[PDB]
Every structure is written in structure tokens, then in C-alpha cells.
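Okay, structure first, notes after.
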Amino acid sequence: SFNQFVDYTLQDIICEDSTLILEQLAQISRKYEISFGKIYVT
Amino acid sequence: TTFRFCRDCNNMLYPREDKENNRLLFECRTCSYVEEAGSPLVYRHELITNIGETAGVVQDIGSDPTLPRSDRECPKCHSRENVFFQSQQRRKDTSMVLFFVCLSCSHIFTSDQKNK
Amino acid sequence: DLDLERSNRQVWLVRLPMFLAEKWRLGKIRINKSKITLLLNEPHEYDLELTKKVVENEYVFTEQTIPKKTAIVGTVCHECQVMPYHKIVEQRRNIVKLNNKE
Amino acid sequence: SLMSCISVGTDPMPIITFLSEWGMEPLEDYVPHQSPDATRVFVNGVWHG
Amino acid sequence: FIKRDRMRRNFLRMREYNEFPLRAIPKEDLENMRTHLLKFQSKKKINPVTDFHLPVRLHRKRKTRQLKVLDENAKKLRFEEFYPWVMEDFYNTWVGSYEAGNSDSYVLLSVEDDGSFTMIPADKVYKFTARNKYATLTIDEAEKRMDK
Amino acid sequence: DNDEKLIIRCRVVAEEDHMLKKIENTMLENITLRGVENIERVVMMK
Amino acid sequence: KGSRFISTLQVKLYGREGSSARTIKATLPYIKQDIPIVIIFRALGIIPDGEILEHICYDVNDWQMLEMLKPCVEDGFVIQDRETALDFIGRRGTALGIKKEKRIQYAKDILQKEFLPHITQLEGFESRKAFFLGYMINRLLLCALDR
Amino acid sequence: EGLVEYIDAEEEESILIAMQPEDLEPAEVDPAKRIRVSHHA
Ligand SMILES: [Zn+2]
Ligand SMILES: [Zn+2]
């Protein structure tokens, strides 16, 4: 139940909301996103 | 019980007494559709149950793993292999009598003797 | 302003397994009287099975409040699904049950 | 007990996939009145069909 | 009535027909064109829109920055297409909703003028239902009545 | 009592059928036929 | 996966035994009150009564279930339209988005995600839930029927 | 190789298990031995 965890759940938790975006309006508008990658463990 | 449904509305055909003909109809309370009363009964309560006690009976009934066994004949086939179980009415006060099923013709037959 | 092109174009919608539909994103129907078959275009030979003889209240329409350019193609004539050559189809099917991920 | 372990579970996708290709008619098309004795097929509490 | 182990000493020692061709339909017409599948719940035997009624009219019926939630395009597109499709006369009426259960693996065999056919993928299906046929509605008229 | 089918019926002098349903309920429910309320299984014992 | 929901549809059985008013309501989240069940079949597009009993009583032959079903049906007879039904619910939970054009969207919106978060959370599968629910009812009767 | 099958609670409702194989599987004594049930099943 730990080998299961470290391998898969950790990543699937990342992949759910890698992304979140911020859009700045101008006077043409901006839009800032940031997204995550696959997870690396030492 | 045993009540029809509308046509072109397919909704439950409620009793509507005809006073003129001195009789009961059956309508679609959604639309116009109505129809006469074919059985002078209306309703019933039927407190008691001896219905369904053969539930799960299938021509695939033997294939069950864990109904134990015996040898009685088919009261029709005279076929003496069959399987048993108890009253499907898993009600409280039900009696024990055992429902048997031919494995030649699936002939139902119980084990009580007081009334067949 | 809905338009009715035919509403009677007899059509046979089919459901498919994944591979051929994916390969479909021609052939030749060898009806046999009713062991209907189809000679695909090269590839395998998949017959016709009659998923539903008679098909009703179901028709084909098109698109181009806000209405849009919508036409009535035709009625579903008869529903079919597919019998998928066979062992390889059977092999890949069981093989398909063997996916993986990183 | 000594001889017990715990399902650490998996994806159910390949399973569903199988039954799809194996006669488990989709639910939506279920018409009971005419198909009285269909065996319901559940997965993880999801009555698929 | 004992415990014996060295049986590794033992175990290591004891060891007619009618053809009908097909054709994947040209793609440009598909590219310009959207087609989908009609389904009715009338329980009417065929319900041919031919014998339904005329006419037919089927149709759908600076500051600072901020956070936007994220959705895939097809969902936004289809969510955006929430206006239910409606065919009318000006008399009976039909509307449906999307089903999302069986739009994937679906190609149609257009019985062309020839015995041959073409294969056409399925974009959408819909389930138009008759409505207002006996035309009773009490939007809040039975609602406030309900509390009785 | 001589009848094998112990059957009893009644009629009254909208739809009467529903009061009957209310009516037949109370009949079954709240009409004791004898014996005091709240008391059941008069169990002998020596 | 997805916010690990704790959403508990409950399907209460009003009515002590024998008594009439054997009605059945269900307690969908974010909804102020318990909603009669037929209002929900309708809410998922099954208007007609005959279609309804298909979803719940899996036999044209047992009628007893139908009998305990009887009162629960007229419970719905008030409503006959999905949108009225859906509007009804719109009138029933956390009324902030006054726009009925946005509110009945919302009772739709909720019943997309916020109800049986399993078998789906997306448009279109509305009927499939209407079975699963329509099944849960069956057992509730079936149990209370002592079978 | 399909020799032994992992089994859980829910699954057990559906099956009919045997205590000891030699005890039971073949269809067919000390006073000091505990008395043991039959292989009718
Ligand atoms: Zn009607
Ligand atoms: Zn027999």
C-alpha cells in the first residue's frame, strides 16, 4: 500500500490540477497559466 | 392492480364511473383517453401472502452451487432427481416447508403434505 | 425553416469495436439469404449481424434562439452491429486487455 | 489473520472494456418489460448495465 | 508427532448472395457539414415527420486579473450548446437533450441509390420528446397549490 | 357462522371509494372486537 | 478521483406501517428539503407514469410494489413537465441566482455533478442515473415488503 | 497457473468451502480424536 502510493497516487494527484490560470485585462488582455509536470522523487 | 395505460399518452388508466350506462370507465388523466370497466372489481387489499414463494426459479436453477440435495420423484415425470430450498418469502413467521425442483423438467414440487 | 431532404434515406447505423472505428476516423456487403456477410476493402471479412430488424422514430438529420441550416437525411432502415481474421481479431481483443502506463 | 492481504485495487477500465465487447448491453438501451431476466452487472457500486 | 526438517535430504535425494460494395464517404462534405441522429420517444410506430405536421422548424431554443477554471474545448463547446433543439409547426412540438452514452462507435450504411453503400461516422444523437400535447402547466399555479 | 366463507360486506347510503379506504382502515385498525387495549397473548400458566 | 466527495443521497420512506401517506422523498445535497421521488424521475426527463414504474418495479407481475408506489405517483401528478419539475427544484435550494433562466440551469447543473458523483459527472448520462436511483427504490420497497 | 484463488468476504457468500481436502473431497478410529463432520456436500 506504500509501493502503490509512491508510484501512482502521487502523480495522479498532481495531474488533477496541474493547471491554474490568471488573465490580466489590458487597454489586448493578458492571460497567465501555470501547469505542473510528472513527479520526481529522490 | 392489473391496470391499463393510456394510448398516445401511455398514462395510468384511472377508474371513472359512467353514471349514465351505470358502469365504470378508465381514463388517461393526462389526456382525453378513457376506457370502460372490464372486471366489476375495483381494488383489493389481500393482506395475506402465499405468492412468489418460488422466486428465483429458473430453468437455470440447478446451476446454483449450494442448494443441498435429495431424491424425490417428479410428481409428474416420476423423475427422482431434483433440488430444494425454502420459502422465498423471507418473512418472519413463515413455515419451513421445502420447495423442490425436478432436474429433469424443473418440475416444481414442495415437501409439505397438508395441501398441494 | 427546417428542411426535409429525404427523411427516407434508408440507413444502417452500426456499432463497432474500437479498432475498426479508429481505422474509420470501404467494403462489399455479401448478403447471404439471412446470413448477411460483408467483404471489407483490404481488410478482414466481417459478416453482417442483425442487431435490430426494424428501427423506428429514429432518423438522420444535419446541421450547418439561433436556428441553423438543418436538413433531414433519412430514416434508419435497420440497425446492425459487427461480428469481427477471427482469431487475430480474438487475439488482439484479448491482447487489448493488456494495457499499461508509466 | 496470518493469511490475509488487502486489495490495493486498480483501474476498472479494462474490465468494463471487456464486458462491452462481450454482450453487456449498455444500460441506456435497457428495456426491462421485454427483457425480464437480465442479470444486473455492477462495478464498484456503479450499475453499469 | 514431531517436527522434522532435513527432508531436503529426502527431497534432494527423492529428486444465394448479393454483393453490396461500400465507400468511406468523401471527407470535405463531412468537414463543412455536421449531421446527427434523431431519436423519438413517441412510442408511435414510426412518427414520420412527413406525417407529423407542416411546416417543420427544427432549431435550438480595465479591471485587474482573475482566475479561470479549466475545461476541455469540446465540453465548453457542447456545454455552450445547451439550447435544446426544437422542431415545431407554428400542431405538435418536439425537444430533446444529449445522451453522451452512444455517440462514439457509430457509422451508418447509407443505402445509396445503388445497392452499394457509404459509411458515415456519427457526430451526435438526440432524443426529441413530444410535449405540451395535452398542454397542462401550472408553473407556480400548482406549486403554491401544492403546499396544501 | 354456518358459512364456510366468513365474509362481511357493507355500503353507504366525488368518489366514495376513497372514504371507504379511510373507512376500511379504521375498521381494521382501531375497532377492538373484545379484550382490553394494549393486552395480547393471554398466556396461561400453572 | 476529484475532491473525494462524501455525497450521501438518502431515500427516506415516510409513512408508518399500515397508514396511508406512505410517501417517499430523497435528500439531494445543497437542497433545502426532501424532494418527492416522481419529481425526480420527471427531473430526469421521465414524464409519463408508465415509463416510471419501468425504472423501479422490475416485474409486470408483482403489483404490491406498485401499490406502495400508488401514493408516491400522485405526489408527482401535480407536476407533468421536466422544466416545471426542474423549475420546482430550482425553487427548492439556495435561491441566490435569481434568474430562473439561470436557476433551472442550476438545478440541472447540480444534478449533473452533485448527485451520484459516481456513475458520472457529465451531461447526457441523465437516464442512467434515473435507473440506478430507480433501482435503489426497488430495494427500499422490497425490504419494507419483507421479501 | 490457476492453482489457488484469492478470496474475500463478499465473494465467500457465493462459494462452498472444504475444511481439509483429504478429509472431504474423496467420497467414502481413535476414541481420543475429536469428532469430524461428513463429506455429503
Ligand atoms: Zn393519454
Ligand atoms: Zn419431472
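Cβ: placed from backbone, ideal geometry, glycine included. Neighbour counts: every protein chain shown. Here, each number is a calculation from the coordinates, and none is a lab measurement.
A few comments on the model shown:
- Built amide H within the under 5 Å cut-off of C:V60, gap 5+: C:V73, C:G74, C:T75, C:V76, E:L38
- The stretch B:46-116: relative contact order as a whole-number percent, Cα under 8 Å and 6+ apart: 24
- A cut-off of 5 Å between modelled amide H atoms, ignoring neighbours fewer than 5 places along the same chain, links B:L13 with B:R4, B:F5, B:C6.
- Shape index of the protein assembly as shown: Rg/Rh, with Rg the Cα radius of gyration and Rh the Kirkwood radius from the inverse mean 1/r over Cα pairs, equals 1.01.
- A Förster distance of 56 Å, applied to the separation of the beta-carbon atoms of G:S7 and B:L41, puts the FRET efficiency at 0.80.
- Phi angles across the stretch G:69-80 convert, under the Karplus curve 6.51 cos²θ - 1.76 cosθ + 1.60 with θ = phi - 60°, into 3J(HN,Hα) values of 6, 2, x, 5, 7, 5, 2, x, 4, 3, 7, 9 Hz, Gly and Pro given as x.
- Positive-end extreme of charge dipole, chain E - chosen from E:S42, E:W85, E:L67 (charges on Cβ): E:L67
- Among the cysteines of chain B, those with no neighbouring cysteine Cβ under 4.7 Å are B:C105.
- Cα Rg over Rh - the stretch B:1-45, Kirkwood: 0.97
- Checking the cross-link pairs C:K52/E:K44; C:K53/C:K87; E:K124/G:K99; G:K25/G:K70 against a 20 Å limit on the alpha carbon distance flags C:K53/C:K87; E:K124/G:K99 as lying beyond it.
- Taking label positions 7 Å along the Cα-Cβ direction at both G:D59 and B:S104, the computed distance is 2.8 nm, reported to one decimal.
- The C-alpha atoms of chain F occupy a region whose extents along the principal axes are 57, 30, 13 Å, arranged from largest to smallest.
- Rounded D (µm²/s) - the stretch B:46-116, Kirkwood Rh over Cα pairs, Stokes-Einstein at 4 °C, 1.567 mPa s: 101
- Beyond 18 Å in Cα-Cα separation lie the following of the pairs E:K45/E:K127; E:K27/E:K127; C:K35/E:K39; C:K68/E:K61: E:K27/E:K127; C:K35/E:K39.
- Pairwise label distance in nanometres, F:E29 with E:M146, each label 7 Å out on the Cα-Cβ vector: 2.6
- For B:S104, residues with placed amide H under 5 Å, excluding near neighbours: B:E81
- Tail weight of P(r) past 18 Å, computed on alpha-carbon pairs of chain G, percent: 57
- Karplus-derived 3J(HN,Hα) values for the stretch A:32-41, using 6.51 cos²θ - 1.76 cosθ + 1.60 with θ = phi - 60°, are 9, 10, 9, 9, 9, x, 5, 9, 10, 10 Hz; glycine and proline are entered as x.
- Listed values for the stretch E:33-43 are Karplus-derived 3J(HN,Hα) couplings in whole Hz (6.51 cos²θ - 1.76 cosθ + 1.60, θ = phi - 60°), namely 10, 10, 10, 8, 10, 8, 9, 10, 10, 4, 6, and x replaces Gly and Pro.
- Cross-link reach list, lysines versus E:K68, counting only Cα pairs under 22 Å and skipping chain neighbours closer than eight places: A:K31, E:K76, G:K1, G:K102, G:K108, G:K113
- Across the options B:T66, B:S104, B:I51, the greatest Cα extent toward the positive end of the charge dipole of the stretch B:46-116 (unit charges at beta carbon of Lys, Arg, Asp, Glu) belongs to B:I51.
- Nearest-0.05 FRET efficiency for B:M96 and F:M45, computed from C-beta distance (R0 30 Å): 0.65
- Here the stretch C:64-99 and the stretch G:23-95 have alpha carbon centers that stand 35 Å from each other.
- With R₀ fixed at 60 Å, the C-beta to C-beta distance from A:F36 to H:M19 puts the FRET efficiency at about 0.65.
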